[PDB]
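Colleague: Residue numbers (the authors' numbering), protein chains in the order written: chain C, 814 to 920; chain G, 1015 to 1119; chain A, 437 to 535; chain E, 637 to 735; chain B, 25 to 102; chain F, 221 to 302; chain H, 1432 to 1522; chain D, 1231 to 1322. C-beta atoms are modelled at their ideal positions from N, C-alpha and C, and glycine is treated no differently. Encoded as structure tokens, here's the structure I'll be asking about.
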Amino acid sequence: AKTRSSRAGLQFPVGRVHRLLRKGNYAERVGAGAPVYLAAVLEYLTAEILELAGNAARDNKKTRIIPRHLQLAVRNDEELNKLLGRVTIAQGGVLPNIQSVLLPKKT
Amino acid sequence: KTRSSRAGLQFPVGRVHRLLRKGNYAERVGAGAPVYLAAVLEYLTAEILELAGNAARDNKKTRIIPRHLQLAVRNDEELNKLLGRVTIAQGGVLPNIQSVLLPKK
Amino acid sequence: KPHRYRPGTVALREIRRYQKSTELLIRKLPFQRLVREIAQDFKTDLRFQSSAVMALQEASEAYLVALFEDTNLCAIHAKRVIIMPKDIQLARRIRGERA
Amino acid sequence: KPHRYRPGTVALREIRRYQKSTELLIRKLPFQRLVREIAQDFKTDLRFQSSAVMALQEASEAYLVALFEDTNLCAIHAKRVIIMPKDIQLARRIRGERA
Amino acid sequence: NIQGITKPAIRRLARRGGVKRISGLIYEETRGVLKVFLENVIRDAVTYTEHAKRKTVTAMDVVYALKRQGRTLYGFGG
Amino acid sequence: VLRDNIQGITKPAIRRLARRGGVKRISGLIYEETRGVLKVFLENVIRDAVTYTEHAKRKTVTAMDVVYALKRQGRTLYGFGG
Amino acid sequence: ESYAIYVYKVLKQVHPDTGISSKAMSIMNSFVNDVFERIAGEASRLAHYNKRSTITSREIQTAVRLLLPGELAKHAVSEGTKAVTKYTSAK
Amino acid sequence: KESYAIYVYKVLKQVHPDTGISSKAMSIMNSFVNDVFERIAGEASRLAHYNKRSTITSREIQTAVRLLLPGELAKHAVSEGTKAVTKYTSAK
DNA sequence: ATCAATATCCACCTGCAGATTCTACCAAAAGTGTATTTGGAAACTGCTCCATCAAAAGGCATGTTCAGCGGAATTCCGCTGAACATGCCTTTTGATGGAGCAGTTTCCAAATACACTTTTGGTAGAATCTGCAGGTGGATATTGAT
DNA sequence: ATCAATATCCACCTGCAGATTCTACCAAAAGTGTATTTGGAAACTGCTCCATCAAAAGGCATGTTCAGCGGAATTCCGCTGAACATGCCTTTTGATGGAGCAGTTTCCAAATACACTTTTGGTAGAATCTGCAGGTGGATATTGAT
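Structure below.
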């Protein structure tokens, strides 16, 4: 008795998702495709952000990913940045960015 | 007799109720919710038409057209806040010129 | 006889004029064309209800008229009276439409 | 004779400093009070999970930091480097908070 | 077609917005914005069209897209 | 009795915020203007947060209350239960 | 279906000698449907937060308090609470 | 109280086998998943209503993913989901 | 440019809180397998309303000229930012009584699920009605030239 | 201040487009009635975590002084918008075949609903593990006075 997750070639919980879809009351019924498809999308996305975060950790010479890393990853990618243009990642801080005209000297 | 009347309302309590369940908002829908909600749709409605009818009059007009609705809305602090992200087709804008832009009297 | 209106007398007049009317200010045929052209890049051989184009325009002009509102404000903040691109640029940025 | 940093040399160091961390920049206790004061003058006898007070602080500084950026730009737009209330006001107006 | 949106027309909009004096370089800056607006909105409307297996973008298709854009329009459903 | 707590947001504090915001130079009037802006923000969120609390017939404002009220106002916070 | 007739009725109690244009009625219809969706949605969420299966006037009220500006809200609550009362007191 | 944690941790290990994650960050991650989850199911939900359809299928899910996510992300998202659906279908 | 004062960088260092790691109970999930129901794709179609088009309509492109707007340049000035002394209020670390969130059983008021029945709101095709948009005119306020 | 040229109103007028009144048809509603089920309030209560008093130590807020620099006020001048009359090329309007958008029917792939069985992912709690925070020193800038 395999799981639908495995049957779909997935890491995320297909059953759980198909379950929440029901309890979230988004429609009278939910076809077996939706949950499979939605767990996939969910999984794909977490991977993309973890890839990017993981690098930031590496860049800052750390092993454990922390909120800042998540933040640096999101604000540095055009897309994850748009996908989350109104999300506030707690303890993430902002990206280092000083306006030119605020720097000294001349050249 | 219809629920609207039992609730003393001009709006369709039966319809609202229908729309609530068919709208997938909850598993079930109490009996008063549609009454309450209908009651609330009616009042907001009356509110706009009221101010809107006034605009009509203040224009020597007797039939309410879009402009009269737009004027009535952006002139009321509250309604304006509520429709703060709504465009009323054929509403135009409120007459307003930045002070600094008026001729140097 | 030599008769002329001073710069702005005509403007403010035009401002009062249009702020009163509600008609669309862009010519429909040119608009509809641009609309379809843009569309065609997302899906070929499409059609538009007379009404879909009307909504789009009504929405378009509305958006702009309001963006010119914020721009004039940005122009004024910089103690100017001539709206420039950087004024549109600044408004769209604080609007979250840019960065 | 004794060493003295010019104005804005320290500011940049602070921008670089603070822009590099993520710790909350407001005294935690004073903030809890303000939260409790406001909450209370809305409904008496209320309690707070520590996490709730923290979520508010996180939200609040995140908001202010972002608002200061907009402000900074608005000032710069006006060819200045010293932000002023008017800058904060222009930003909030375009943002749609007091339009 | 983009230039189909004329100076006079753009000038008119700006006046409805209370603009008194207009820079020359604004007309092209304007068009660009209008373009990104339509692109962003039509794209979403057309998606509604296709999800519906249709060949005609309907007024409701645009209404629905605008709402998602946060540009709610009253008068064509709402 | 709780009063004037808004003055609990010190000049030092507001300065650090503006620094993270990339601000170099600050007007002396910015501090009070800011306190005002903060106050309206906190007011708006707490209200909704507390509306959620009473509805749940609770006496304790929970972190979810605050997270729900924040999403209501389009200022979604990741990290406290969503 | 469309709220138009009910709108027209409500209009008459207010301004009995005032009429409305189609384009305006359409806007009024869009208005009703809008608010309906917004109030309903909030209520829906509310219930879910409290792990409840039913949307009662309890929800509709709270929803309203969250959706309308203070004064507007106040009245809206009143109008609404009144209806439920009237309704409950009848066969 | 369920959470997408163990699954995040799994996906984490695949991409960066030797990298860890703090709890605060895993929370931010659990918030991220649920956020996007509701968002998609939402667009899916309405889309269905707009069409007088009572079932949400992989087809609504997909349209939503298109309405919701930006260029490159959406493109790839569709693939993964189609992929999964196809594999889930062709397996029974 | 030279040098003195200071801050930033950074690799090494290791106590230690927060993270990885079990042993296991397991109520709840998730999965397996009929039985029953049906939502909506698919094929066929009538009929709107949309893409197309020629004709009468009427706004835009265009070159001149100059008023006036915006920035470069030069100031006194005042208010902001370092630097510094002083010492308070926050942060840190616990222990603690108990408010009140939260789990479990109890159980009826209320919501669900057809069934039968009466009304009503939308659609349609005709006819009749009417608010007001443009058009005219003549008065007057506005603006610009001197 | 004085014309002269326009722009701007106000009052009245009327044709017709779009609002309105009349009617029969009626399928989807909405209401009434009966039987069955259940969400969630009520009540007893375990147990989490909130408010709170205690106290010490120092990280920081407060307040002062002083000069340096940024902003506002002003004058100057080159440059470009904008007003304007000129002249047709593109938009608008009302008329017409036909392409799809919807209405109707058919019927099957697929989604409930329900009974059992099996897998597991939250978890109370143990004990062991480990990245890095926070401390230290010294090599490497970055500043600013000269």
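1) Judging by CA-CA distance, which residue of G/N1073, G/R1020, G/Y1039, G/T1059 is the nearest neighbour of H/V1441?
2) For F/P232, count neighbouring C-beta atoms within 10 Å of its own C-beta (all shown protein chains included) and say buried if the count is 16 or more, exposed if not.
3) For the region 893-908 of chain C, list every residue whose C-beta sits within 9 Å of some C-beta in chain F, in sequence order.
4) Are the beta-carbon atoms of H/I1486 and G/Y1039 separated by less than 8 Å?
5) Name the chain E residues that come within less than 8 Å of C/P880, Cβ to Cβ?
6) Against chain G, does H/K1440 count as a neighbour if the rule is that its beta carbon must be under 8 Å from one of theirs?
7) Within a Cβ cutoff of 6 Å, which residues of the same chain sit near B/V57, ignoring the five residues on either side of it in sequence?
8) Just verifying my parser: in three-state terms, what is the DSSP assignment at D/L1299?
9) Tell me which residues share the same chain as G/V1087 and place their Cβ nearer than 6 Å to its Cβ, disregarding the 5 neighbours each side in the sequence.
10) Shortest alpha-carbon distance to G/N1068 belongs to which of H/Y1437, H/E1432, H/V1445, H/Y1434?
11) For the region 76-100 of chain B, which residues have a CB atom closer than 8 Å to at least one CB atom of chain D, in sequence order?
12) Given that G/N1110 touches chain A, what residues does it touch there, using C-beta distances under 8 Å?
13) Express the C-alpha separation of H/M1459 and E/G644 in angstroms, rounding to a whole number.
14) When you compare the CB of A/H439 with every CB in chain E, is at least one pair closer than 8 Å?
15) Check the Cβ-Cβ distances between D/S1257 and every residue of chain F, and say whether any is below 8 Å.
16) Which residues in the same chain have their Cβ closer than 8 Å to the Cβ of H/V1438, if we skip the five residues on either side of it in sequence?
17) State the start and end residues of the unbroken alpha helix (DSSP H) segment that holds F/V270.
18) Using CA coordinates, which residue listed in D/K1317, D/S1284, D/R1276 is at the minimum distance from B/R92?
19) DSSP three-state call for G/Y1057: helix, strand or coil?
20) Whose CA, out of E/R669, E/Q693, E/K637, E/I719, lies closest to the CA of F/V243?
21) Are the beta-carbon atoms of C/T901 and F/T254 separated by less than 8 Å?
22) Quick one: using the 10 Å Cβ neighbour count with 16 as the cut-off for buried, is A/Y441 buried or exposed?
23) I'd like to check one pair, B/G28 with A/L470: are the Cβ atoms closer than 8 Å?
24) My output table needs one value for H/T1493: the three-state DSSP class, helix, strand or coil.
25) Could you give the residue range of the beta strand (DSSP E) that holds F/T296?
26) Listing by chain order, which chain C residues have their CB less than 9 Å from the CB of E/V689?
27) Would you kindly report the start and end of the unbroken beta strand (DSSP E) that includes C/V900?
28) Compute the distance between the beta-carbons of G/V1049 and H/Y1518, then report whether it is under 8 Å.
29) Over what stretch of residues does the alpha helix (DSSP H) that includes A/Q476 continue unbroken?
30) Could you check the C-alpha separation between D/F1267 and E/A735 for me, to the nearest Å?
31) Go ahead and pull the three-state DSSP assignment for C/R877.
32) For a cutoff of 8 Å on Cβ pairs, would you count D/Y1237 as touching chain C?
33) Going by alpha carbons, who is nearest to D/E1232 out of C/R829, C/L823, C/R817?
34) Show which residues of chain B have a CB atom less than 8 Å away from the CB atom of G/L1115.
35) What residue range does the alpha helix (DSSP H) around A/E450 cover?
36) Per the contact definition of three or more C-beta pairs closer than 8 Å, is the region 876-883 of chain C in contact with the region 523-535 of chain A?
Modeller: In this structure, then:
1) Here residue 1441 of chain H refers to the residue found at position 10 of the seventh sequence. Answer by Cα proximity: G/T1059.
2) Stepping through the sixth sequence from its first residue, residue 232 of chain F is reached at position 12. It is exposed - the Cβ of F/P232 has fewer than 16 other Cβ atoms within 10 Å.
3) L897, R899, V900, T901, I902, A903, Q904, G905, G906, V907
4) Within the seventh sequence, numbered from 1, the residue matching residue 1486 of chain H stands at position 55. Within the second sequence, numbered from 1, the residue matching residue 1039 of chain G stands at position 25. Contact flag set, yes.
5) Residue mapping note: residue 880 of chain C aligns to position 67 of the first sequence, counting from 1. Per Cβ cutoff of 8 Å: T658.
6) Start at 1 with the first residue of the seventh sequence, and residue 1440 of chain H comes out as number 9. Answer yes: the Cβ-Cβ gap between H/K1440 and chain G drops below 8 Å somewhere.
7) Your numbering for residue 57 of chain B matches position 33 in the fifth sequence. Taken in chain order, the list of residues that qualify is empty.
8) Translated into positions along the eighth sequence, residue 1299 of chain D becomes position 69. DSSP places D/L1299 in coil when its eight states are reduced to three.
9) Reading the second sequence from its first residue, position 73 is the one you call residue 1087 of chain G. Excluding positions up to five away in sequence, the list reads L1093, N1094, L1097.
10) Taking the first residue of the second sequence as position 1, residue 1068 of chain G is located at position 54. For G/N1068, the nearest C-alpha among the options comes from H/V1445.
11) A76, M84, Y88, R92
12) The residue given as residue 1110 of chain G occupies position 96 in the second sequence. Residues of chain A passing the Cβ test: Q455.
13) For the purposes of this step, residue 644 of chain E is identified with residue 8 of the fourth sequence, where counting begins at 1. For the purposes of this step, residue 1459 of chain H is identified with residue 28 of the seventh sequence, where counting begins at 1. Computed Cα separation, rounded: 56 Å.
14) Start at 1 with the first residue of the third sequence, and residue 439 of chain A comes out as number 3. No, A/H439 does not count as interfacial toward chain E.
15) The count along the eighth sequence starts at 1 and reaches residue 1257 of chain D at position 27. Yes, its Cβ sits closer than 8 Å to a Cβ of chain F.
16) By one-based count along the seventh sequence, residue 1438 of chain H stands at place 7. Once the five neighbours on either side are set aside, the close Cβ partners of H/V1438 are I1451, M1456, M1459, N1460, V1463.
17) Mapped onto the sixth sequence, residue 270 of chain F falls at position 50. Note, F/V270: alpha helix (DSSP H), 250-275.
18) Start at 1 with the first residue of the fifth sequence, and residue 92 of chain B comes out as number 68. Among D/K1317, D/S1284, D/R1276, the Cα nearest to that of B/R92 is on D/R1276.
19) If you number the second sequence from 1, residue 1057 of chain G lands on position 43. Note: G/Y1057 maps to helix in three-state DSSP.
20) Here residue 243 of chain F refers to the residue found at position 23 when the sixth sequence is read from its first residue. For F/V243, the nearest C-alpha among the options comes from E/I719.
21) Counting from 1 along the first sequence, the entry for residue 901 of chain C is found at position 88. Counting from 1 along the sixth sequence, the entry for residue 254 of chain F is found at position 34. Taking 8 Å as the Cβ cut-off, C/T901 and F/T254 do not qualify as a contacting pair.
22) The residue labelled residue 441 of chain A in the question sits at position 5 within the third sequence. It is exposed - the Cβ of A/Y441 has fewer than 16 other Cβ atoms within 10 Å.
23) Start at 1 with the first residue of the third sequence, and residue 470 of chain A comes out as number 34. Start at 1 with the first residue of the fifth sequence, and residue 28 of chain B comes out as number 4. A contact, by the Cβ cut-off of 8 Å.
24) For this step, residue 1493 of chain H is matched to residue 62 along the seventh sequence. H/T1493: helix per DSSP, three-state reduction.
25) Reading the sixth sequence from its first residue, position 76 is the one you call residue 296 of chain F. Unbroken beta strand (DSSP E) run through F/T296: 296-298.
26) Taking the first residue of the fourth sequence as 1, we reach residue 689 of chain E at position 53. In chain order: nothing, as chain C lies at least about 13 Å away.
27) Position 87 of the first sequence, counted from the first residue, corresponds to residue 900 of chain C. Its beta strand (DSSP E) spans residues 900-902.
28) The residue given as residue 1049 of chain G occupies position 35 in the second sequence. The residue given as residue 1518 of chain H occupies position 87 in the seventh sequence. Yes, the pair counts as a contact, with Cβ atoms nearer than the cut-off.
29) To locate residue 476 of chain A, count along the third sequence from 1; it is residue 40. Unbroken alpha helix (DSSP H) run through A/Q476: 464-476.
30) Numbered from 1 along the eighth sequence, position 37 holds the residue referred to as residue 1267 of chain D. Numbered from 1 along the fourth sequence, position 99 holds the residue referred to as residue 735 of chain E. Cα-Cα distance, rounded: 34 Å.
31) As a first step, residue 877 of chain C must be located in the first sequence, where it is residue number 64. Here C/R877 sits in strand by DSSP.
32) Start at 1 with the first residue of the eighth sequence, and residue 1237 of chain D comes out as number 7. At least one chain C Cβ lies under 8 Å of D/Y1237.
33) Start at 1 with the first residue of the eighth sequence, and residue 1232 of chain D comes out as number 2. The option with the nearest alpha carbon to D/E1232 is C/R829.
34) For the purposes of this step, residue 1115 of chain G is identified with residue 101 of the second sequence, where counting begins at 1. Residues of chain B passing the Cβ test: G42, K44.
35) As a position in the third sequence, residue 450 of chain A is number 14, starting the count at 1. Segment 445-456, the alpha helix (DSSP H) holding A/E450.
36) no
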